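Below, in structure tokens: the form deposited in one PDB entry, a single chain.
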């Protein structure tokens, strides 16, 4: 009540975090009108919010051309690992239709990781369901150090995946200075 402000945040474990970003958005951003973009942007994520509900992934927040949902929330799911992978799977062909009607070379960079997280809201104005955790930060960097039209998962997301997917070396170290600095082994869904 008093002293501090009631922090609306709750801890969670065994969840999968997936980050996605438009590869070279300024590429078409210099071609399409300031409005056309906002349309495509709104058009893309639109399908995303729907696909997420189908793959059981919860939408967290949209940052410009970056979109990230986390699986395992609210109701815990031991299928979280697959949920995100599935998301990245369908997510891609959703950004491919962007090549047909607009800017080319438009692909998604999926970056999935697993671990505990902190979901909730900060401050007391215009609340925004966000997450906080090094594991979350890792998924972020994973996305950063990812590959076009490919899914970038860590070593943790691979264990929670019961090896149901065929992967390969990710070399995230030579991609992101973070996946390097922290000695992280990355893979790529084949």
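Throughout, rigid core stands for the largest set of C-alpha atoms superposing within 1.5 Å between the two forms. Only residues modelled in both forms are compared. Positions refer to the first chain, counted from 1.
Only in words, not in the display: the form deposited in another entry, which the text now covers.
Among the candidates 53, 121, 29, 39, the CA atom that moves 2 angstroms or more between the shown form and the other one after core superposition belongs to 29 alone. Remark: with the core as the superposition reference, the CA shift of residue 101 between the shown form and the other one reaches 2 Å or more. Panel note: the distance between the CA atoms of residue 35 and residue 104 is smaller in that other deposited form than in this form, the difference being 3 Å or more.
Compared with the form shown, the residue 105-residue 37 C-alpha separation decreases in that other deposited form, the change being 3 Å or greater. After fitting on the rigid core, stretches of 3+ residues whose CA atoms all move by 2 angstroms or more between the shown form and the other one lie at 24-32, 97-99, 101-106.
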